[PDB]
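First the structure, in the form of structure tokens, and then the observations on it.
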Amino acid sequence: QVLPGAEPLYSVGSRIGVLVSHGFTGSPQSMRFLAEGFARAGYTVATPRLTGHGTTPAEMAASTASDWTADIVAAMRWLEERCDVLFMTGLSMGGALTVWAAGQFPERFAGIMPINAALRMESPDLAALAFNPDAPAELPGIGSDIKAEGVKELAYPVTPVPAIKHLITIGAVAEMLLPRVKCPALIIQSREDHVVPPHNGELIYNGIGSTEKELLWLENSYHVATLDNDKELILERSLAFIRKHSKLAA
Amino acid sequence: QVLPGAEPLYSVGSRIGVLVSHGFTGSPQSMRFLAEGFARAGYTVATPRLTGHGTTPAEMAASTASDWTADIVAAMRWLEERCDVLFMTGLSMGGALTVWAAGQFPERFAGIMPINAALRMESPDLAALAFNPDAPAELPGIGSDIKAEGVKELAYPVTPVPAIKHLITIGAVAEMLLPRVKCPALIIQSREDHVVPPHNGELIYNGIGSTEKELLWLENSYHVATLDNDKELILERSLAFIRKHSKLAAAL
Ligand SMILES: [Br-]
Ligand SMILES: [Br-]
């Protein structure tokens, strides 16, 4: 069964498509505001629900980085039936997936919008859980890192430990592919992040092969920005990004 | 069936143990100079055959980073059966497992000697194979990077594509664990390496919380240095290291 508010969200629109990716332990709902704003300028929109996500933490414990990347690729396929121009955006690990997609498929995307991309967790305590024989099955969850008041994120309350390695792999693979990313990039990174070291934003800026790159520092937001109060601005600045580079409908 | 010369080297001795890890697509053969060195200098030694290695690329293609960490763990526990002072050394990915181990088990190790740790491969092309749906099953292997005329390593001829990710995972976990390695380290990086970027050494020396750390440049060898010209120099410099830090080594 799928937890309520965490169903996947695919709107049919023009020949312009946006792939919108949620994060680790999270669901599309953290993304549901942003995906909706795209589906309303008419774009075709795919917001997949990653394997193991939005159901049970035990099912996530059995999900791999191969699964999640396959979920992204199925979402592209779906989009590529309906579109000649594609774009991707994601949050956190979903932002690491964005950097991965643009690099795996150097030519597929017209531009990307990584927000708080989980490239380098920079946390030794997390790495100690990746291959630790004696670790407990569950740990406290990492969600709701938001400045706004009363704003909850629907994300698992536990971090299933045997999935941690996979988060690290996507971050690492993504970082190693930075040189190949050629498309325009609007990198979105909170000034203060308690989950992901915001040096990730600058890592990306210096790393990518793109000559059409801009870093946008958030200011009244923490990690889960798409739900924050700096969020309306993201949707806004994102749309102006799509337009400048798509050149279609628009 | 295990290919000739790739069997593990499990040698008994004193109360001081050395675990010795080989690399990716590699086997013990590439570590047999070192190990037989240590066994000879008294110490108990474990030189495991990493899961999927030294048999067939197809078996390796089915093996994971979980398997390989668990293999190092199993060997480590085999030493603990007979030992109370432990040391780790490995080549390449074996290097990263060494750094991983030191960080995973902060208290467990008297010292580490990572040789050309495969922490950051820094190759876009290899990354684009990590999760490639339409990549072939096999690519040309990476073995035998040796400055020394006439010297050949026993590594698979191919690199199985599905195992590539696990190589990167290990490298990245190790990297993230550097702050927690606090034990004495002899960091042995080649100056000319065509498999792992040689700036990896530097990445380690400035990375560890260890306070007893030494960076040692090799100058007459490539990546697979445990066989190069300097294999002798390494064995020797490592014994000094073990002897320096254990003090339970009395050897005539
Ligand atoms: Br492409
Ligand atoms: Br320990």
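Chains: A, B, ... in order of the structure tokens. Residues: from 1 per chain. Ligands: from 1, in order shown.
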
Using only C-alpha atoms, I'd like every residue of chain B that has an atom within 7 Å of chain A; please write them out as number ranges by chain. B: 66, 69, 104, 122-124, 127-128, 131, 168-169, 172-173, 176-177, 179-180

Name each residue within 8 Å of ligand 2, counting only C-alpha atoms and all ligand atoms, as a list in words. residues 104, 105, 106, 107, 108 and 109 of chain B

Closest of B:190, B:159, B:220, B:132 to ligand 1 - atom-to-atom distances counting only C-alpha atoms and all ligand atoms: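 For ligand 1, the nearest of the candidates is B:132.
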
Within region 178-234 of chain B, find each residue whose DSSP state, derived from the backbone, is strand (DSSP E or B), and express the selection as a list in words.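 Residues of region 178-234 of chain B classed as strand (DSSP E or B): residues 185, 186, 187, 188, 189, 190, 213, 214, 215, 216, 217 and 218 of chain B.
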
Could the residues in this selection be written to a file with N, CA, C and O atoms, as a PDB file, in the first residue's frame?
```pdb
ATOM      1  N   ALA B 185      49.747   5.577  10.375  1.00  0.00           N
ATOM      2  CA  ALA B 185      49.597   5.290   8.953  1.00  0.00           C
ATOM      3  C   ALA B 185      50.842   5.506   8.114  1.00  0.00           C
ATOM      4  O   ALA B 185      51.465   6.565   8.146  1.00  0.00           O
ATOM      5  N   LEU B 186      51.171   4.501   7.328  1.00  0.00           N
ATOM      6  CA  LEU B 186      52.188   4.629   6.321  1.00  0.00           C
ATOM      7  C   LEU B 186      51.519   4.601   4.954  1.00  0.00           C
ATOM      8  O   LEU B 186      51.128   3.559   4.459  1.00  0.00           O
ATOM      9  N   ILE B 187      51.411   5.779   4.366  1.00  0.00           N
ATOM     10  CA  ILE B 187      50.720   6.003   3.118  1.00  0.00           C
ATOM     11  C   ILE B 187      51.669   5.890   1.920  1.00  0.00           C
ATOM     12  O   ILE B 187      52.520   6.748   1.675  1.00  0.00           O
ATOM     13  N   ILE B 188      51.506   4.820   1.171  1.00  0.00           N
ATOM     14  CA  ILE B 188      52.411   4.525   0.112  1.00  0.00           C
ATOM     15  C   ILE B 188      51.728   4.700  -1.221  1.00  0.00           C
ATOM     16  O   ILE B 188      51.014   3.803  -1.688  1.00  0.00           O
ATOM     17  N   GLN B 189      51.966   5.857  -1.832  1.00  0.00           N
ATOM     18  CA  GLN B 189      51.448   6.185  -3.147  1.00  0.00           C
ATOM     19  C   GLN B 189      52.598   6.294  -4.142  1.00  0.00           C
ATOM     20  O   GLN B 189      53.584   6.984  -3.850  1.00  0.00           O
ATOM     21  N   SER B 190      52.474   5.641  -5.308  1.00  0.00           N
ATOM     22  CA  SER B 190      53.367   5.881  -6.476  1.00  0.00           C
ATOM     23  C   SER B 190      53.370   7.337  -6.957  1.00  0.00           C
ATOM     24  O   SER B 190      52.379   8.066  -6.763  1.00  0.00           O
ATOM     25  N   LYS B 213      51.420  10.120  11.045  1.00  0.00           N
ATOM     26  CA  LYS B 213      51.164   9.853   9.645  1.00  0.00           C
ATOM     27  C   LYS B 213      52.309  10.190   8.743  1.00  0.00           C
ATOM     28  O   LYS B 213      52.866  11.252   8.820  1.00  0.00           O
ATOM     29  N   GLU B 214      52.642   9.268   7.866  1.00  0.00           N
ATOM     30  CA  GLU B 214      53.746   9.468   6.960  1.00  0.00           C
ATOM     31  C   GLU B 214      53.385   9.173   5.491  1.00  0.00           C
ATOM     32  O   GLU B 214      52.901   8.075   5.177  1.00  0.00           O
ATOM     33  N   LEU B 215      53.651  10.139   4.598  1.00  0.00           N
ATOM     34  CA  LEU B 215      53.443   9.969   3.138  1.00  0.00           C
ATOM     35  C   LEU B 215      54.712   9.589   2.368  1.00  0.00           C
ATOM     36  O   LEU B 215      55.676  10.346   2.310  1.00  0.00           O
ATOM     37  N   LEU B 216      54.697   8.416   1.761  1.00  0.00           N
ATOM     38  CA  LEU B 216      55.909   7.885   1.171  1.00  0.00           C
ATOM     39  C   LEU B 216      55.763   7.657  -0.308  1.00  0.00           C
ATOM     40  O   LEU B 216      55.174   6.639  -0.724  1.00  0.00           O
ATOM     41  N   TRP B 217      56.347   8.564  -1.094  1.00  0.00           N
ATOM     42  CA  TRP B 217      56.321   8.475  -2.557  1.00  0.00           C
ATOM     43  C   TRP B 217      57.177   7.377  -3.161  1.00  0.00           C
ATOM     44  O   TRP B 217      58.368   7.302  -2.902  1.00  0.00           O
ATOM     45  N   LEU B 218      56.572   6.519  -3.962  1.00  0.00           N
ATOM     46  CA  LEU B 218      57.353   5.595  -4.759  1.00  0.00           C
ATOM     47  C   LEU B 218      57.781   6.295  -6.051  1.00  0.00           C
ATOM     48  O   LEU B 218      57.037   7.132  -6.594  1.00  0.00           O
TER      49      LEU B 218
END
```

Find the residues near residue 52 (chain B): any atom within 9 Å, counting only C-alpha atoms, skip ones fewer than 4 places away on the same chain, and give them as a ChimeraX atom specification. /B:25,56-64,67

Enumerate, as a VMD selection string, the complete set of residues in region 5-232 of chain B that a backbone-based DSSP assignment places in helix (DSSP H, G or I). chain B and resid 28 to 40 57 to 61 65 to 80 93 to 104 124 to 127 161 to 180 199 to 205 231 to 232

I'd like the neighbourhood of residue 193 (chain B) as a list in words, where a residue qualifies if any of its atoms comes within 10 Å (using only C-alpha atoms), though same-chain residues fewer than 6 positions away should be ignored. residues 116, 145, 146, 147, 199, 218, 221, 222, 223, 224 and 225 of chain B

Could you list, as a PDB file with N, CA and C atoms, in the first residue's frame, every residue within 7 Å of region 228-245 of chain A, counting only C-alpha atoms and ignoring same-chain residues fewer than 5 positions away?
```
ATOM      1  N   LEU A  34       6.022  21.756  -6.199  1.00  0.00           N
ATOM      2  CA  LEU A  34       6.813  22.183  -7.338  1.00  0.00           C
ATOM      3  C   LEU A  34       6.347  21.519  -8.630  1.00  0.00           C
ATOM      4  N   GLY A  37       3.208  23.186 -10.085  1.00  0.00           N
ATOM      5  CA  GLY A  37       3.424  24.479 -10.699  1.00  0.00           C
ATOM      6  C   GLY A  37       3.937  24.366 -12.106  1.00  0.00           C
ATOM      7  N   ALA A 110      17.607  19.435 -21.762  1.00  0.00           N
ATOM      8  CA  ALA A 110      17.855  20.812 -22.196  1.00  0.00           C
ATOM      9  C   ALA A 110      18.421  21.689 -21.075  1.00  0.00           C
ATOM     10  N   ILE A 146      13.243  22.275   7.951  1.00  0.00           N
ATOM     11  CA  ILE A 146      12.592  23.424   7.339  1.00  0.00           C
ATOM     12  C   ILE A 146      12.512  24.638   8.284  1.00  0.00           C
ATOM     13  N   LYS A 147      12.683  25.845   7.744  1.00  0.00           N
ATOM     14  CA  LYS A 147      12.603  27.101   8.521  1.00  0.00           C
ATOM     15  C   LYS A 147      11.183  27.513   8.854  1.00  0.00           C
ATOM     16  N   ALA A 148      10.273  27.391   7.893  1.00  0.00           N
ATOM     17  CA  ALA A 148       8.838  27.699   8.095  1.00  0.00           C
ATOM     18  C   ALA A 148       8.195  26.953   9.274  1.00  0.00           C
ATOM     19  N   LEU A 218      19.669  30.034  -1.501  1.00  0.00           N
ATOM     20  CA  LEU A 218      18.430  30.302  -0.757  1.00  0.00           C
ATOM     21  C   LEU A 218      18.706  30.982   0.582  1.00  0.00           C
ATOM     22  N   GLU A 219      17.672  31.625   1.133  1.00  0.00           N
ATOM     23  CA  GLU A 219      17.891  32.619   2.169  1.00  0.00           C
ATOM     24  C   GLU A 219      16.973  32.552   3.367  1.00  0.00           C
ATOM     25  N   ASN A 220      15.776  32.002   3.191  1.00  0.00           N
ATOM     26  CA  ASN A 220      14.849  31.788   4.308  1.00  0.00           C
ATOM     27  C   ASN A 220      14.426  30.334   4.331  1.00  0.00           C
ATOM     28  N   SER A 221      15.344  29.491   3.876  1.00  0.00           N
ATOM     29  CA  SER A 221      15.083  28.070   3.752  1.00  0.00           C
ATOM     30  C   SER A 221      16.219  27.221   4.288  1.00  0.00           C
ATOM     31  N   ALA A 250       6.329  28.126 -24.396  1.00  0.00           N
ATOM     32  CA  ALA A 250       7.002  29.201 -23.693  1.00  0.00           C
ATOM     33  C   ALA A 250       6.214  30.498 -23.927  1.00  0.00           C
TER      34      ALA A 250
END
```

Need the shell around residue 210 (chain A): protein/DNA/RNA residues with any atom at most 8 Å away, counting only C-alpha atoms. Skip same-chain ones fewer than 3 positions apart. Format as a ChimeraX atom specification? /A:181-185,213

Tell me, as a PDB file with N, CA and C atoms, in the first residue's frame, which residues lie within 10 Å of residue 184 (chain B), counting only C-alpha atoms; anything in the same chain fewer than 6 positions away does not count.
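Written file, around.pdb:
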```pdb
ATOM      1  N   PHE B  87      47.378  -5.250  12.355  1.00  0.00           N
ATOM      2  CA  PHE B  87      47.827  -4.332  11.319  1.00  0.00           C
ATOM      3  C   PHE B  87      47.130  -4.611   9.945  1.00  0.00           C
ATOM      4  N   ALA B 102      40.060   0.866   9.097  1.00  0.00           N
ATOM      5  CA  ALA B 102      40.639   1.603  10.186  1.00  0.00           C
ATOM      6  C   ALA B 102      39.581   2.521  10.705  1.00  0.00           C
ATOM      7  N   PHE B 109      42.992  -1.416  15.309  1.00  0.00           N
ATOM      8  CA  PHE B 109      44.224  -1.518  14.520  1.00  0.00           C
ATOM      9  C   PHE B 109      45.424  -0.750  15.064  1.00  0.00           C
ATOM     10  N   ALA B 110      46.576  -1.403  15.218  1.00  0.00           N
ATOM     11  CA  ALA B 110      47.772  -0.674  15.640  1.00  0.00           C
ATOM     12  C   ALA B 110      48.332   0.170  14.495  1.00  0.00           C
ATOM     13  N   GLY B 111      48.176  -0.282  13.246  1.00  0.00           N
ATOM     14  CA  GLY B 111      48.574   0.530  12.089  1.00  0.00           C
ATOM     15  C   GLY B 111      48.123   0.109  10.684  1.00  0.00           C
ATOM     16  N   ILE B 112      48.037   1.094   9.801  1.00  0.00           N
ATOM     17  CA  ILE B 112      47.692   0.795   8.432  1.00  0.00           C
ATOM     18  C   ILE B 112      48.715   1.233   7.385  1.00  0.00           C
ATOM     19  N   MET B 113      48.869   0.424   6.342  1.00  0.00           N
ATOM     20  CA  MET B 113      49.735   0.783   5.219  1.00  0.00           C
ATOM     21  C   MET B 113      48.957   0.700   3.921  1.00  0.00           C
ATOM     22  N   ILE B 208      43.147  12.212   7.299  1.00  0.00           N
ATOM     23  CA  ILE B 208      43.017  11.450   8.537  1.00  0.00           C
ATOM     24  C   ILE B 208      43.176  12.286   9.786  1.00  0.00           C
ATOM     25  N   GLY B 209      42.445  11.910  10.837  1.00  0.00           N
ATOM     26  CA  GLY B 209      42.631  12.463  12.187  1.00  0.00           C
ATOM     27  C   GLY B 209      43.828  11.834  12.891  1.00  0.00           C
ATOM     28  N   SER B 210      44.388  10.811  12.247  1.00  0.00           N
ATOM     29  CA  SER B 210      45.596  10.160  12.707  1.00  0.00           C
ATOM     30  C   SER B 210      46.659  11.209  12.963  1.00  0.00           C
ATOM     31  N   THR B 211      47.459  11.011  13.996  1.00  0.00           N
ATOM     32  CA  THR B 211      48.498  11.984  14.293  1.00  0.00           C
ATOM     33  C   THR B 211      49.895  11.394  14.113  1.00  0.00           C
ATOM     34  N   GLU B 212      49.969  10.193  13.578  1.00  0.00           N
ATOM     35  CA  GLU B 212      51.247   9.578  13.387  1.00  0.00           C
ATOM     36  C   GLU B 212      51.383   9.141  11.939  1.00  0.00           C
ATOM     37  N   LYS B 213      51.420  10.120  11.045  1.00  0.00           N
ATOM     38  CA  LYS B 213      51.164   9.853   9.645  1.00  0.00           C
ATOM     39  C   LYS B 213      52.309  10.190   8.743  1.00  0.00           C
ATOM     40  N   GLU B 214      52.642   9.268   7.866  1.00  0.00           N
ATOM     41  CA  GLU B 214      53.746   9.468   6.960  1.00  0.00           C
ATOM     42  C   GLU B 214      53.385   9.173   5.491  1.00  0.00           C
ATOM     43  N   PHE B 241      57.816  -0.377  10.159  1.00  0.00           N
ATOM     44  CA  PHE B 241      56.585   0.247  10.659  1.00  0.00           C
ATOM     45  C   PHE B 241      55.919  -0.587  11.750  1.00  0.00           C
ATOM     46  N   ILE B 242      55.719  -1.873  11.445  1.00  0.00           N
ATOM     47  CA  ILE B 242      55.153  -2.837  12.385  1.00  0.00           C
ATOM     48  C   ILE B 242      56.016  -2.928  13.626  1.00  0.00           C
ATOM     49  N   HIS B 245      55.767   0.195  15.909  1.00  0.00           N
ATOM     50  CA  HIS B 245      54.535   0.516  16.609  1.00  0.00           C
ATOM     51  C   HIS B 245      53.961  -0.583  17.506  1.00  0.00           C
TER      52      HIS B 245
END
```

Which one of B:95, B:134, B:9, B:165 sits closest to ligand 1 if you count only C-alpha atoms and all ligand atoms?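 Ranking B:95, B:134, B:9, B:165 by distance to ligand 1, first place goes to B:134.
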
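Distances from A:84, A:71, A:192, A:59 to residue 247 (chain A) were compared using only C-alpha atoms, and the smallest one belongs to A:84.
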